[PDB]
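> Dropping in the first section of the assembly, placed as in the complex:
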Amino acid sequence: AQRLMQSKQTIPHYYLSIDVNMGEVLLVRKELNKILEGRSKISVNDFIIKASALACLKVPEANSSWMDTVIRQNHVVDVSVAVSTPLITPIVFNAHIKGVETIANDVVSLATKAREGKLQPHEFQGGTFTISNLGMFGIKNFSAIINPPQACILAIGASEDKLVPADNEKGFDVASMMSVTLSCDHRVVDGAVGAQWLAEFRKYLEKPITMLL
Amino acid sequence: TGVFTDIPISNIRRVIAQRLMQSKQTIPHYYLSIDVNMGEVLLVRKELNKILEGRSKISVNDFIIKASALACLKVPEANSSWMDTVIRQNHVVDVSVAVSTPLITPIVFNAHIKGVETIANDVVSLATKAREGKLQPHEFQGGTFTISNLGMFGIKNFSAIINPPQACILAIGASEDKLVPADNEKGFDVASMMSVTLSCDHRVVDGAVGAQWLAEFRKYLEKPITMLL
Amino acid sequence: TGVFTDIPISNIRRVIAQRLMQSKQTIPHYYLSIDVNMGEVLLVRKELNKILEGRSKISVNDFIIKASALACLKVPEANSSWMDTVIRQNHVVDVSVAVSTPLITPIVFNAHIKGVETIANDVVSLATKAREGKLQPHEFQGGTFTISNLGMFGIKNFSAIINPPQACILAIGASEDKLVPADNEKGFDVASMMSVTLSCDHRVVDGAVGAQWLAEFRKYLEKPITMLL
């Protein structure tokens, strides 16, 4: 409550939003799960991690922190996942490098160490980013408040089935849509770059092979 | 003229010649080979080149780098070095590319991490610094691996000798069009095939693991999306 | 951790490493190769397995043993050893099988005589005594021949180095499905192909006889009933 009252009383928040067409990621996720023996499941959440990290590389200022003297800009990406708990927050370390499946295994081993057992304090340190998704609960859209060392949050909505315009005989087709919102510090993230960040994230997810680049 | 003519032996040629004579007189070499069906990589390469503005070309050679590096992770003992007291096994992958030159050898550093396009740009900037200009000695150090491909010259298959700090080489043949069996009405279809050979130290690489290495490399290339894992 | 890590060199690994370094530094190796059409052996193997109650499985590897042994009889000089004073030519065929192990090498004794199923049972009882238990030293003696196959691992082709008392190795590739020309309406048919390579000493095996050896081996396998002769 002190973290929240403090940060919403200091950081000048603002909210940017988009829609992300998740079909292609659904195909690749189905396939990599087929290729894995069942040795390890892979969630959509892992692609979410991988992409948001690479985007933090492409547009660094969404991945920095506001210290009072100087703005601190960090070249390694930690990403903390906001997991609900009867609000434990494991950090995935150096996610900008490690592959999607090691990210998935990392987030599960961290969840097992969290949901029913104690974690070391070292994992709660709120390092450099936060994803926070509530699509399981059926929330369509939501805007979070952020934790003060950092400058941004990523809030993910429920995936849904909308009728987009098409070129076939029917004139339309179904599409999976995720509404994605992004809060920013706005002393460090001016709106055009928050938008640039959301742009790259949108492209790494609309076109998943470009994660290889 | 006459029946024969002589020219003095070059200095750098004697350096290389010492490396080669030494290593083929010490390391117990042996040769494993496979065929790799390159069609899917050709599709993904065409597409990522389409998505790039032409801001940067991407060769097949870069996928070759990325995969051989990740395989070095999956099967570490093909990526190690034989020191006389202990076998030295290194958790970071450097990969040196054997580029022909009127044999300059740039190293791509930490290729196990960096993405395919930064690997492509790295190998070109290293080639520009090599083919017509001097490189720092620091780049010739033969760190931890070597790819060496001669498919441009139309060689189908070839087995190289390796440089002694390391334990292996990857030699890549020309891509070609073979008639594999199929299930359609015709009963067959065309396929792109690359013959890939791999030399090993064989005090450190026993045959089953050299094979395991070749297996993973084959799967990262037959099924390119698994490079994401 | 760090950029590299070290582990002490194993004792048995140094024994093998001495065998390998020694033999690839002494024996003048060379590599002959063929393709062997394995369909007929596949039919006979299916049938003899059907006729056996399941009392004993039979692998393709056993036919490989039986044939290579009979060929050693037909062309003796591929089955001999180079001693410094005289070439030693031995009228009994032992055959050692190079089995991968986390490289244990059981010998099948007098395989030139015993039938295919006793050869299969011999190689399994020897594998059971090897993979998880100690063997007597007497079985590691490298007697007079070596088969070494890596088709299970998907290797297509490979050339091994040999162990110095002997003069040759047989390396077996993966079986595969190639489209050979035919005489029917389609003009072609599928065929099972095994690529088989054979290393030789080449002070004792001149190329025409290494080839003769490979010839007989090819005929005992292309036409399996002639194993009865």
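Noted; the coordinates are in hand. Residues are numbered from 1 along each chain as shown, chains lettered A, B, ... in the order given.
> ok, now how distant is the residue of chain A most remote from its centre from residue A:162?
Largest separation from the mean C-alpha position in chain A: residue A:169, at 36.9 Å (Cα atoms, centre = their mean). As for residue A:169, its distance to residue A:162 is 20 Å (criterion: Cβ to Cβ, to the nearest Å). C-beta here means a position set from N, CA and C on the backbone, and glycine is covered the same way.
> Quick check: the residue farthest from the centre of chain A vs chain C, distance?
40 Å (Cβ to the nearest Cβ, to the nearest Å).
> and if you look at residue A:57?
Using Cβ to the nearest Cβ, one gets 23 Å for the distance from residue A:57 to chain C.
> from what I can see that residue touches residue A:96, true?
Yes: assessed by Cβ atoms under 8 Å, residue A:57 is found in contact with residue A:96 at 5.9 Å.
> if I look at these two, which residues touch both of them?
By Cβ atoms under 8 Å, 6 or more residues apart in numbering or on different chains, residue A:57 and residue A:96 have these common neighbours: residue A:77.
> quick one: which of those two has more around it?
Neighbours per residue, other Cβ atoms under 10 Å in any protein chain shown: of residue A:57 and residue A:96, the larger number sits with residue A:96, 22 against 14.
> Provide the secondary structure category for the more buried one.
Under DSSP: H, G, I helix; E, B strand; the rest coil, the three-state class of residue A:96 is coil.
> Please name the nearest non-neighbouring residue to it.
What sits nearest to residue A:96 in space, not counting adjacent residues and going by Cβ to Cβ, 6 or more residues apart in numbering or on different chains, is residue A:77, at 3.8 Å.
> which residues does the one you found contact?
Residue A:77 touches A:53, A:56-57, A:63, A:94-96, A:128-129, counting by Cβ under 8 Å, 6+ apart.
> Put the buried members of those residues into a ChimeraX selection.
Buried subset of the contacts of residue A:77, written as a ChimeraX selection, criterion 16 or more other Cβ atoms under 10 Å in any protein chain shown:
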select /A:53,56,63,95,96,128,129
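> contacting residues for the residue of chain A found nearest chain C?
Using Cβ to the nearest Cβ, residue A:94 is the residue of chain A that sits closest to chain C, at 14.0 Å. When the contact criterion is Cβ under 8 Å, 6+ apart, the partners of residue A:94 are A:76-78.
> Show me which residues of chain A are close to chain B?
A:28, A:31-32, A:35, A:50, A:97, A:99-102, A:207-213 (Cβ under 8 Å from any Cβ of the partner chain).
> Buried ones among those?
Buried among these by 16+ other Cβ under 10 Å: A:28, A:32, A:50, A:99-101, A:208-213.
> Chain D should join the structure above:
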Amino acid sequence: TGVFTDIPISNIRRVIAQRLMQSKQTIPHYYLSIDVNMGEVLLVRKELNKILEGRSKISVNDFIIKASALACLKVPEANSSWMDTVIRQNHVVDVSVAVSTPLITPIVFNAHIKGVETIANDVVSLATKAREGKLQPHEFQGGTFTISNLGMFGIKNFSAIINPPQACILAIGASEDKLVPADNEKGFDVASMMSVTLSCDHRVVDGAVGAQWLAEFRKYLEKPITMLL
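So, slotting chain D in with the rest:
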């Protein structure tokens, strides 16, 4: 008898054995390979044999000689010798043919000049002087090149070791019938294929030129009239 038997090592066999042990213990060997589509040469060979009265047969081996010689001209460094002080590069091409014998090696002198039929007659008159009669020592001198083919014996592919004054060998496989892709209604056609391997010294032959050599050889044989140029 007994389990083994011995025969004294032959003198000439020790001479050859010294040549082989020496050269595979000194020269840093490596192996390049291609496939050569032999159909057109088969047509021209059939025709020139038809035009000759039967006054002289012509083998495929003669085209092999003519082409490898002209290629030695186009890419000189595959046709030179490694002396310790300087690399010796010779503007005349001798070519020695490795003929099997119960390993006699006649040399065809100045083959870069003489026509295909005089090359054929030269190799037969040299074979007649060799297989059942003594040759002068002057013909065994291993001058500047060696072809060595084992397609008669059905070997598909093989890599030889070379004799130390020289820097390379050409090993020729059996000609075979593969199903290449085509443009007609069937989608494919039969092709005659020869697998050709080439060993090199690799202090004098860097890989791109060994490849260049193999390239020209491939073109003189794929397109036989260009032998006239």
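> now that chain D has been added, could you go back to the contacts of residue A:94?
A:76-78.
> who does the one residue sitting closest to the centre of chain A bridge with?
Closest residue to the average C-alpha location of chain A: residue A:131 at 3.8 Å, with Cα atoms, centre = their mean. Beta-bridge partners recorded for residue A:131 (DSSP bridges): residue A:81, residue A:154.
> So it sits against residue A:51, correct?
No: using Cβ under 8 Å, residue A:131 makes no contact with residue A:51, being 10.2 Å away.
> in stretch A:73-81, what's buried?
Under the neighbour-count criterion of 16+ other Cβ under 10 Å, stretch A:73-81 has A:77-81 buried.
> Find the residue closest to the residue of chain A found nearest chain D in space, skipping its chain neighbours.
Across chain A, the shortest distance to chain D (Cβ to the nearest Cβ) belongs to residue A:209, at 28.7 Å. Among residues not flanking residue A:209 along the chain, residue B:44 sits closest, at 6.0 Å (Cβ to Cβ, 6+ apart).
> what's near enough to touch the residue nearest to the centre of chain A?
Neighbour list for residue A:131: A:45, A:48-49, A:52, A:79-82, A:153-154, A:156 [criterion: Cβ under 8 Å, 6+ apart].
> distance of it from chain B?
Counting by Cβ to the nearest Cβ - residue A:131 and chain B are separated by 18 Å.
> can you pull the alpha-carbon coordinates of stretch A:66-77 into PDB?
Output in PDB follows, covering the C-alpha atoms of stretch A:66-77 (Å, rounded to 0.1, in the frame of the first residue of the first chain):
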ATOM      1  CA  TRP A  66      13.900   8.100 -13.200                       C
ATOM      2  CA  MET A  67      16.500   8.900 -10.500                       C
ATOM      3  CA  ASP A  68      16.300  12.500  -9.400                       C
ATOM      4  CA  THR A  69      19.700  13.700 -10.600                       C
ATOM      5  CA  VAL A  70      20.000  11.700 -13.900                       C
ATOM      6  CA  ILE A  71      17.900   9.400 -15.900                       C
ATOM      7  CA  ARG A  72      19.300   5.900 -15.600                       C
ATOM      8  CA  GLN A  73      19.200   3.800 -18.800                       C
ATOM      9  CA  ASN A  74      20.000   0.000 -18.400                       C
ATOM     10  CA  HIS A  75      21.300  -2.200 -21.300                       C
ATOM     11  CA  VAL A  76      20.300  -5.500 -19.700                       C
ATOM     12  CA  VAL A  77      16.600  -6.400 -19.500                       C
END
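> Go ahead and measure how far that stretch is from the middle of the chain.
Centroid separation for stretch A:66-77 versus its chain: 20 Å, with Cα atoms, centre = their mean, to the nearest Å.
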